[PDB]
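In: From the sequence below, what's the structure:
(chains A, B, C and D)
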Amino acid sequence: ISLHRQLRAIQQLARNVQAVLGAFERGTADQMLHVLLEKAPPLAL
Amino acid sequence: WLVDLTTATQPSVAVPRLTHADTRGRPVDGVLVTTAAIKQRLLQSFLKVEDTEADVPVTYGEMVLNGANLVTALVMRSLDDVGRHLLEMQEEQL
Amino acid sequence: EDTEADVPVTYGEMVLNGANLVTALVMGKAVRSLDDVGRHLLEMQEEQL
Amino acid sequence: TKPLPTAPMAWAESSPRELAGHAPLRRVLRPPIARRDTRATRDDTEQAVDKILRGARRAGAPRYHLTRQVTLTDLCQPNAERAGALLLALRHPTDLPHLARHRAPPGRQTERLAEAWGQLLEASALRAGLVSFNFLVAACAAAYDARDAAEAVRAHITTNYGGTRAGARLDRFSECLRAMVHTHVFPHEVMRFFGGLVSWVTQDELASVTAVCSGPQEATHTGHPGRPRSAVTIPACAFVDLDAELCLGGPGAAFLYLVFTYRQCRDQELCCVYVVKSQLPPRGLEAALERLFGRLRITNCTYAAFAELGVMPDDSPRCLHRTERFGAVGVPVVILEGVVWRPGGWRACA
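Out: Residues are numbered from 1 along each chain as shown, chains lettered A, B, ... in the order given. Next up is the structure itself:
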């Protein structure tokens, strides 16, 4: 019975970790914008 | 006077699965508690003893899960397997 | 860009995991008669599935 | 006879609750409490015997209290008027000349009511009878507000009522009504409600009228098997609402009342009989009589007298306003629908 709950609670982590591990493939898309906006001067200059 | 101690309590609610009974099986209603001075005074003069060796239950009562939040998941196998996996995870608790 | 579309027909239904309660008439008091409580539970929870 | 819209078709038969209620009682079990732990007729009349058995193998349906009365045909005419009119019983008129001697104020002609009533007995003959409502409208027709439809009431009465010189019955009974208020014997002290028409029996000079003294209207088996149905009809001069004149437009059951209006003057005394439809308490009604009819208050003890007549059980009550035919006469008639009759007593003035 207690092991059957652990099949719910350990697999509950595999959601919430992949939602936090998924914050790092969108940190790349974030912090490749914050650098290319600092390498770039505007067209008018 | 002892009659009154026994008449002032309204009966309980619950029904145990196993009752303290005599060797004959007559069940036991209540419990008096005193010091050893008074108890041994009654058992001589005033009261009587219908039996000595009684029966007592042994195993403790247990519990069963009735109802729960239904929470599952999957990794995408049709879309109904979410449903079928529930009955699975219900069939366990039975 | 289209004329005829495909649409479902049947409604849905629900899956029932409820609170399962008993009120059971009883004649005589003994373990079997009492265990029937435990039994009628399983009977009833066996029914939902 | 067992169709297949079953859940309604069994519901109209008087249910599944009576089957299930007799199921735990009677269908199961030995419990309640037990131990512990000859060519055309026959078979035409023979199935009619079986129809009595069909009348006996079985038997909503509302109740009634039908009444009958042997009624002289002087004042009312149950043949001329169709089934579904109001009716009015009377006291016996031998009490009229004595009560006028004690209820009339000093200085007034107490001999007038006994004389005016005596002229009526010699005018309809050219015994507590019955006054029909349509006959009463043409009597008090000379006091109304809509005077043309009161003449439409007077148009069919002088042509359809049985008797000689029906207009002489009208103008003498209207003289009796002017002698009522003058001798202070008010017409509500005499006019008593008798139930709505369903049928009547014809005979020379008298008729045996059947009526519902209490109950609903339309489901009385009238006698006619094609139509056991007869709507309540009222002429347009007497029909007064209080939902439109007081802006009470909400749904709800609508009550029906009779209302007399009294004008006490020197030899010019008016009478008006109105049918008041309301959503009001009967105790919450006298204040509404103060708002409308204060003109007859000054010219006069109250000017008004009223009693209950019946209840419409509808949530949104439905009325009609048509022009029906009493013979060949088109009369603007307010046809009421779905009326459940419950009478009551009059209310006081002095």
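In: Kindly report the residues of chain C close to chain B.
Out: C:15, C:17-20, C:29, C:31, C:34, C:41-42, C:45-46, C:48-49 (CB under 8 Å from any CB of the partner chain). C-betas here are computed from N, CA, C, even on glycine.
In: if we go to 6 Å?
Out: Within reach of chain B by CB under 6 Å from any CB of the partner chain, chain C has these residues: C:17, C:19-20, C:34, C:45.
In: and the residue in chain C that chain A sits nearest to, what helix or strand is that in?
Out: With CB to the nearest CB as the measure, residue C:17 is the residue of chain C nearest to chain A, at 14.3 Å. Assigned by DSSP states H and E, residue C:17 belongs to no helix or strand.
In: That one: neighbouring residues, count only.
Out: Neighbour count of residue C:17, defined by other CB atoms under 10 Å in any protein chain shown: 18.
In: which ones are touching residue D:211?
Out: By CB atoms under 6 Å, 6 or more residues apart in numbering or on different chains, residue D:211 lies in contact with D:67, D:87, D:195.
In: Kindly identify which of those also come near chain A.
Out: Applying CB under 6 Å from any CB to the contacts of residue D:211, none is adjacent to chain A.
In: Please state the offset of the longest strand belonging to chain D from the chain centre?
Out: The strand that spans the most residues within chain D, counting by DSSP state E, is strand D:206-216. Offset of strand D:206-216 from its chain centre (CA atoms, centre = their mean, to the nearest Å): 9 Å.
In: so how far is chain D from the nearest residue to residue B:22 once chain neighbours are set aside?
Out: Leaving aside its chain neighbours, residue B:22 sits nearest to residue B:51 (4.8 Å; criterion: CB to CB, 6 or more residues apart in numbering or on different chains). Computed as CB to the nearest CB, to the nearest Å, the residue B:51 to chain D distance reads 26 Å.
In: ok, residue B:51 - how many residues close by?
Out: That count, for residue B:51 with other CB under 10 Å as the rule, works out to 11.
In: which stretch of helix or strand covers it?
Out: Judged by DSSP H and E, residue B:51 forms part of no helix or strand.
In: now the strands for chain A?
Out: For chain A, applying DSSP E gives no strands.
In: for it, what's the longest helix?
Out: Longest helix in chain A by number of residues (criterion: DSSP state H): helix A:2-21.
In: residue contacts, the closest residue to chain B within chain C?
Out: Distance from chain B to each residue of chain C (CB to the nearest CB) is smallest for residue C:19, at 4.4 Å. By CB under 6 Å, 6+ apart, residue C:19 lies in contact with residue B:67.
In: hmm, back to that, verify the stated contact: the residue of chain C closest to chain A with residue B:70.
Out: Yes. Contact status for residue C:17 versus residue B:70: in contact at 5.3 Å, counting by CB atoms under 6 Å.
In: Determine the number of other residues adjacent to residue 20.
Out: I'll assume chain A. Residue A:20 is flanked by 10 other residues according to other CB under 10 Å.
In: wrong chain, I was asking about chain C
Out: Quick note: residue C:20 (other CB under 10 Å) scores 14 neighbours.
In: That one contacts residue C:42, correct?
Out: No. With contact defined as CB under 6 Å, residue C:20 does not count as touching residue C:42 (10.1 Å).
In: still on that earlier bit, using a markdown table, lay out the contacts of residue D:211 together with secondary structure, distance to chain C and neighbour count.
Out: Formatted as a markdown table, these follow (DSSP: H, G, I helix; E, B strand; the rest coil; distance: CB to the nearest CB, whole Å; neighbours: other CB atoms under 10 Å in any protein chain shown):
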| residue | secondary structure | distance to chain C | neighbour count |
| --- | --- | --- | --- |
| D:67 | strand | 54 | 16 |
| D:87 | strand | 58 | 23 |
| D:195 | coil | 53 | 23 |
